Amino acid sequence: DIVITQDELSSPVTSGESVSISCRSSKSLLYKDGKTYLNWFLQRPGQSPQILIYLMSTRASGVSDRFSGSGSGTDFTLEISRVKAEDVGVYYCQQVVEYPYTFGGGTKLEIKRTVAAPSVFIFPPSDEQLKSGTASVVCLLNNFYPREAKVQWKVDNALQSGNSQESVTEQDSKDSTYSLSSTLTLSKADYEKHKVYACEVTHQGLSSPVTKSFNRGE
Amino acid sequence: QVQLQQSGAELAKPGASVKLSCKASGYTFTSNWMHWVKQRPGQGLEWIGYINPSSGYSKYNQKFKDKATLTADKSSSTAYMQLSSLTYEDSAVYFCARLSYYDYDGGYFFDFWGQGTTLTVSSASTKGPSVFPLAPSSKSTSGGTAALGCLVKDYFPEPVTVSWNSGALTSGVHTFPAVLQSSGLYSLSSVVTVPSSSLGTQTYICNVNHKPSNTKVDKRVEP
Ligand SMILES: C=CC[N+]1([C@H]2C[C@H]3[C@@H]4CC[C@H]5C[C@H](O)[C@@H](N6CCOCC6)C[C@]5(C)[C@H]4CC[C@]3(C)[C@H]2OC(C)=O)CCCC1
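Cut-offs and rules
Residues numbered from 1 in each chain as written, not as in the entry; some residues may be left out. Chains lettered and ligands numbered in written order. Heavy atoms only, no water. Residues with missing side-chain atoms left out of burial classes, pairs and counts. Helix = DSSP H or I, 4+ residues; strand = E, 2+ residues; numbered from the N terminus. Contact = heavy atoms within 4.5 Å. Polar contact = N/O pair within 3.5 Å; in protein donor to acceptor, adjacent residues only side chain to side chain. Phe/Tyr/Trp six-rings, centres within 6.5 Å; stacked < 30°, edge-to-face > 60°. Buried < 20%, exposed > 50% of the residue type's maximum accessible area, 1.4 Å probe, protein only. Domains from an automatic or database assignment. Buried area = accessible area lost by both parts, 1.4 Å probe. Salt bridge = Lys/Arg side-chain N within 4 Å of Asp/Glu carboxyl O. Pairing = 2+ DSSP bridges.

A. Looking closely at the environment of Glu200 of chain A. All names here are of chain A. Mapped onto the elements of the fold, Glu200 is located in strand β19 (residues 196–202). Spatially, the C-alpha atoms of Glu200 and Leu159 are 9.9 Å apart, while their sequence positions differ by 41 residues. Residues contacting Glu200, with those up to four places away along its chain left out, are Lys150, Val151, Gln152, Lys154, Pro209, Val210 and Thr211. A polar contact is formed between the side chain of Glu200 and the side chain of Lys154, at a distance of 3.0 Å.

B. Expanded view of the packing of aromatic side chains. Under the definition given, this model contains 22 aromatic pairs over all chains. Judged by centre distance (5.5 Å) and plane angle (15°), the ring pair of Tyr99 of chain A and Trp47 of chain B falls under stacked. Taken together, the positions of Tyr99 of chain A in the loop between β9 (89–95) and β10 (102–103) and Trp47 of chain B in strand β5 (residues 45–51) put the pair across two chains. Residue classification places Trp47 of chain B among the buried residues on the basis of a relative accessible area of 1%. With a centroid separation of 5.1 Å and an interplanar angle of 45°, the aromatic rings of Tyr101 of chain A and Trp47 of chain B are classed as tilted. Highlighted residues: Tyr101 of chain A in the loop between β9 and β10 and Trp47 of chain B in strand β5, drawn from two different chains. Put simply, the rings of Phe41, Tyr99, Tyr101 and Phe103 of chain A together with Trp33, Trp47, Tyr50, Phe95, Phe110 and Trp113 of chain B touch in pairs and so form one group of aromatic residues.

C. View of the domain arrangement of chain B. Residue and element names in this part refer to chain B. We note that the domain assignment places domain 1 (3–121) and domain 2 (130–220) within chain B. Here the C-alpha centroids of domain 1 and domain 2 sit 31 Å apart. Between domain 1 and domain 2, the residue contacts involve six residues of the former and six residues of the latter. Both sides of the domain 1 and domain 2 interface together cover about 440 Å² of buried area, and 75% of this is carbon and sulfur. When the buried area of domain 1 at its contact with domain 2 is split by residue, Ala9, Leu11 and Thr120 rank highest and sum to 72% of it. At the surface where domain 1 touches domain 2, the tally comes to zero salt bridges. Taken together, domain 1 and domain 2 are joined by zero residue pairs in polar contact.

D. Local environment of the domain arrangement of chain A. All names here are of chain A. Parsing chain A into structural domains produces domain 1 (4–112) and domain 2 (119–215). Computed over C-alpha atoms only, the centres of domain 1 and domain 2 are separated by 38 Å. Between domain 1 and domain 2, the residue contacts involve eight residues of the former and nine residues of the latter. For the pair domain 1 and domain 2, the two sides together bury roughly 690 Å², of which 46% comes from carbon and sulfur. Broken down residue by residue, the surface that domain 1 buries against domain 2 is led by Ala85, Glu110 and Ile111, which jointly contribute 48%. Where domain 1 meets domain 2, there are two salt bridges. Of the charged contacts, one joins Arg147 and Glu110 as a salt bridge, the two residues approaching to 2.8 Å between their closest N and O atoms. Taken together, the links from domain 1 to domain 2 amount to five residue pairs in polar contact.

E. The pairing of strand β8 (residues 75–80) of chain A, seen in detail. Residue and element names in this part refer to chain A. Bridge count between strand β3 (residues 19–25) and β8: six bridges; the pairing is antiparallel. Its bridge partner being in β8, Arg24 is matched across the sheet by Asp75. In terms of strand pairing, strand β7 (residues 67–71) meets β8 through five bridges, oriented antiparallel. Counted as the bridge partner of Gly71 is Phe76 from β8. In sequence, β7 turns back onto β8 through a hairpin of three residues.

Structural data, given as structure tokens:
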């Protein structure tokens, strides 16, 4: 079988800059007819792969003229001339010169953009959840850049530890931001023993930490 | 509209079998070979095989020759993949993809893909989610916009899907990656931002599916 190798990461790029993604095969993909049987796909977050290039350098249907391909028998390059927001995702090369078809491990592309502060939003637990004996408090950081952020929970001004979990979206394909959820989980008993619930966020887009809070039952 | 549509996510026990479907519409099913691809995190993509739906003959990656069995039903325009003697290594997203060929340049490639099917192989029992509102309030407004959402708690296995207003609301939606809780169950939130002006007259419902447990729920989210 042919082994196809790519780099895991591409050095992030700013909108309008060029980028170059490489792929290599353990055997030549140049056939006797002079054509090279290498395809490029882009998989956007949550979606199926979509064809970009076939025969090493032909653009498929509806593929931006910013994409182009080249290479030898065994070394290949996908070139994005003027990168845009919607290019974000994982790029895969695939050889189809022989069965079995084989793919590279994929190259994630992230885009760099201007620093952007999170909008911070806080959500008390639902009465419905409380009835069942747990409280989940949710803090949302919407549409920020870069991805690094710190979210600390304070209950009646005590810093919380070990009772929260975070999750972050992949880079948005229109505005190149991230969003992040922080969920604090308490028993109904513990929730009802305290008053002030606060989410404190530190981020480079913020002069100083923003705190969003509520009082239980307000 | 040429499209491929795959069966929903499944849980199966070690040693059992599953049969995944791929319905083709918008073209003559028998005209295009149907391929299947496996995807796991940090394992890239692996090619499984293809079937010629006109002839019924299928061809495999040697690695999958004992795992996968491809069939096709011409009357229902549906391709099937059976996965046998399941193990934890079979937990993955599986795609179908159609092959096209262009006689004018000799090019061939996968032009249309299914949306994928998640398979989890585990001895643990399924559990459908509890769905709670993330209610819009003054604590979730900014400008003349408000955030609201649904908390989708305590399910197994992955995945859930979340739509808003049956797919009419897509702009501003962020459905977060699931997190594994200490309990061994998953949880996620889906959020959206809307006009604060709209909170009095516009209904917001999250439509939550958990195909592995064969469950669905709608949750109205009120201020
Ligand atoms: C090794 C030699 C084979 N090569 C090619 C040659 C390719 C064939 C060329 C002619 C095509 C006619 C047919 O109508 C096509 N349709 C059938 C219905 O479904 C949609 C597509 C597929 C078709 C049979 C191609 C399938 C893939 C074939 C075997 C390719 O081989 C592989 C491994 O993919 C590889 C390099 C170039 C020659």
